[PDB]
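Protein chains in written order, with PDB author numbering: chain A, 50 to 147; chain B, 2 to 263; chain C, 197 to 245.
Only one structure is covered here, and it is reproduced in the block below.
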Amino acid sequence: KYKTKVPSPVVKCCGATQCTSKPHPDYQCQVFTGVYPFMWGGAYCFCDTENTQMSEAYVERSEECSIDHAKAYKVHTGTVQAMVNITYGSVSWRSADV
Amino acid sequence: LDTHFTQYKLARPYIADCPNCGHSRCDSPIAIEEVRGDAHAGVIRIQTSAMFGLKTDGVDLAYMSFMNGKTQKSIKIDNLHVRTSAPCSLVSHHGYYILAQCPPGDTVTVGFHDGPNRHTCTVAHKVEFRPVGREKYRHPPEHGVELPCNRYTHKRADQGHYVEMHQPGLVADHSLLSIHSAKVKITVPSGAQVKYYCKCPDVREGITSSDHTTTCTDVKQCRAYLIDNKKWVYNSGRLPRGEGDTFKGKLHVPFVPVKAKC
Amino acid sequence: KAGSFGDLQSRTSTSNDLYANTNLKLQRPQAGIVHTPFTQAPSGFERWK
Numbered sequence: 050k051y052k053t054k055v056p057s058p059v060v061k062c063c064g065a066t067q068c069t070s071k072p073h074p075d076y077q078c079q080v081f082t083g084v085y086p087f088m089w090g091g092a093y094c095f096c097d098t099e100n101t102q103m104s105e106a107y108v109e110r111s112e113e114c115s116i117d118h119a120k121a122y123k124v125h126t127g128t129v130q131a132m133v134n135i136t137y138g139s140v141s142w143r144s145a146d147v
Numbered sequence: 002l003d004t005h006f007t008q009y010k011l012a013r014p015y016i017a018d019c020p021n022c023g024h025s026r027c028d029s030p031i032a033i034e035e036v037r038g039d040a041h042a043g044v045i046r047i048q049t050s051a052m053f054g055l056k057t058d059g060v061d062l063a064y065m066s067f068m069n070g071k072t073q074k075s076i077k078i079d080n081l082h083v084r085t086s087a088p089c090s091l092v093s094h095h096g097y098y099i100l101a102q103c104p105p106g107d108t109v110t111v112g113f114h115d116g117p118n119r120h121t122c123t124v125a126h127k128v129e130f131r132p133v134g135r136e137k138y139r140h141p142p143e144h145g146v147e148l149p150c151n152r153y154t155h156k157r158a159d160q161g162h163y164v165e166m167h168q169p170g171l172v173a174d175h176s177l178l179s180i181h182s183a184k185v186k187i188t189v190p191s192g193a194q195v196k197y198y199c200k201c202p203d204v205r206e207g208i209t210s211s212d213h214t215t216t217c218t219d220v221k222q223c224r225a226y227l228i229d230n231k232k233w234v235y236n237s238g239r240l241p242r243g244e245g246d247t248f249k250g251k252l253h254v255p256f257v258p259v260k261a262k263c
Numbered sequence: 197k198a199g200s201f202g203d204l205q206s207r208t209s210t211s212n213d214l215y216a217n218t219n220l221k222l223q224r225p226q227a228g229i230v231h232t233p234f235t236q237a238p239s240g241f242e243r244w245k
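This is the structure we're talking about:
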């Protein structure tokens, strides 16, 4: 399963911030305007439409991806094995992998 | 407890915008991001934007440092409450991050008690706890077979992954922008870097001690900013970028998912 | 396909490159507040379990 480990968006206060297509996996990024971002003091950017917000998010392997993960395969035929015991004759023992 | 000053010394208790902070969207220091109800053992690993653990300086994981003001408050953990549909059980905290044994719940709802105020934070997240096995319980029993579940650790001595933790961007603080009896008056925390100008034409960058403002007068048309990048942060989605640079601060995760046999 | 099995497709665990068709679509944050609407299919590894 993914983790949308969002990089923290840019907020330019008066005017645009063009985004670029960074090479992160599934790097989704879209500029946005028309904000007034309440951050701990009410808003902080003094404009009202030129307030720009650039959101960016890419996909990343979960921490569970290392450990809890499905796993595909192209499977061919290979070669079968066995730990054949023979308690032979009077030998009475061999437990060998063949 | 003195082996992860990577985070402790260098990271601060971040503050972000909690979504349904009791009433509505506040800005809680314990703003919940990255809820992970992805294990099996009744457990969720959570990140607060608050960095509890040791104090500001050096002692006792079981103390409690969130942000009040621009400032920390590194004090006791006395009355933490993670909860969901029912009250959860804490497992352990380290850094920004807490592990807690929860039941299933449509949401996740976190909060301590500073003492004067409840001051909680709450969030949506689909939670379940299937145990590993062909039995679809709702809860772990006392007995039964052990078999390979997925689960998070109790511990901190942990490096199996690390998340980027570079600087904070600025933050608003209009407590700064006082009035110089006719002009709007900015100040500084400790000599920190205050990034300043107003809609009118006056000082245009702001890298200063306490300035005044020749031109504008209204507090509501000025740049109350705090470039205070002496301590890095978690790279929350509810962070404004520090526009200058990708500073250093690669920092581990404690609560790795491990192959415990529940 | 996003939502379907293998929305995330990494060669191995170490492999920094991958294929993430998750249909991740950001939306604008609401009413002048800092956050990041990420609208996304929960994984085809979430289902498939």
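Using N, Cα and C, we set each Cβ at its ideal position, and we do this for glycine too.
C/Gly228 reaches chain A at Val84, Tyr85, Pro86, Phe87 and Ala92, counting residues in chain order whose Cβ is nearer than 7 Å.
Closest in alpha carbon position to A/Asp117, among B/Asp3, B/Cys150, B/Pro202 and B/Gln48, is B/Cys150. Rounded to whole angstroms, the Cβ separation of B/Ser50 and B/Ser182 is 37 Å, and the two are not in contact under 8 Å. Pairing C/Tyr215 with B/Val128, the inter-Cα distance amounts to about 27 Å. With fewer than 16 other CB atoms across the displayed protein chains lying within 10 angstroms of its CB, A/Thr136 is exposed.
Contact check for C/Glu242 and A/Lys50: beta-carbon distance about 5 Å, within the 8 Å limit, so the pair qualifies. Restricting attention to B/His120, B/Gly38 and B/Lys186, the CA atom closest to the CA of B/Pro30 is found in B/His120. Not flagged as an interface residue toward chain A: C/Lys197, since no C-beta distance is shorter than 9 Å. Distance between A/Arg110 and B/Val164, taken at the CA atoms: about 12 Å. For the pair B/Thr108 and B/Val124, the Cα-to-Cα distance works out to about 6 Å. Residue contact check for B/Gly238 against chain C: a CB pair falls below 9 Å. Assignment of beta-bridge partners to B/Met65 by DSSP yields B/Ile76.
In the DSSP assignment, B/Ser93 forms a beta bridge with B/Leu100. In this structure, A/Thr101 sits near A/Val84, with a CB-CB distance shorter than 9 Å. Using a CB distance below 8 Å, the part of the segment 65-81 of chain A facing chain C consists of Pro74, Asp75, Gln77, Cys78, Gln79 and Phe81, ordered along the chain. Nearest to B/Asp18 by alpha-carbon distance, out of B/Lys56, B/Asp61 and B/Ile33, is B/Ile33. Contact annotation: the segment 252-262 of chain B does not touch the segment 227-239 of chain C, with fewer than three C-beta pairs closer than 8 Å. Per DSSP, the unbroken alpha helix (DSSP H) holding B/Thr7 starts and ends at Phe6 to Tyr9. Collapsing the DSSP output to three states places A/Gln102 in a strand. Of the residues C/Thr210, C/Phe234, C/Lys197 and C/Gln226, the one whose Cα lies closest to the Cα of C/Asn217 is C/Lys197.
Taking a beta-carbon distance threshold of 9 Å, B/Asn80 does not count as an interface residue toward chain A. Contact check for B/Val92 against B/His155 passes: the beta carbons are separated by less than 9 Å. Close to chain B, meaning a Cβ-Cβ distance shorter than 7 Å, are the following residues of the segment 218-244 of chain C: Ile229, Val230, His231 and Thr232. Apart from sequence neighbours up to five positions away, the residues of its chain that approach B/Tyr98 with a beta-carbon distance below 8 Å are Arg46, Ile47, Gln48, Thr49, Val254, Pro255 and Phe256, ordered along the chain. Taking A/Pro56 as the centre and dropping the five residues before and after it, the same chain places the C-beta of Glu105 closer than 6 Å to its C-beta, in chain order. In the structure shown, A/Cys114 falls within a helical segment according to DSSP collapsed to helix, strand and coil.
Around the C-beta of A/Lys61, 16 or more other C-beta atoms lie within 10 Å, and the residue is accordingly described as buried. Proximity of A/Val147 to chain B, defined by a Cβ-Cβ separation below 9 Å, is not satisfied. Residues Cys199, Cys201, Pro202 and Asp203 of the same chain have their beta carbon placed closer than 7 Å to that of B/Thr216, with the five preceding and five following residues left out of the count.
Among the residues of chain C, those whose CB is under 8 Å from the CB of B/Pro241 are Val230, following chain order. For B/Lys184, the secondary structure class from DSSP, reduced to helix, strand or coil, is coil. Contact of B/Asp107 with chain C is not assigned, every C-beta pair being separated by 9 Å or more. Take B/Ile180, set aside five residues on each side of it, and the residues of its chain with a beta-carbon closer than 7 Å to its own are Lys186, in chain order.
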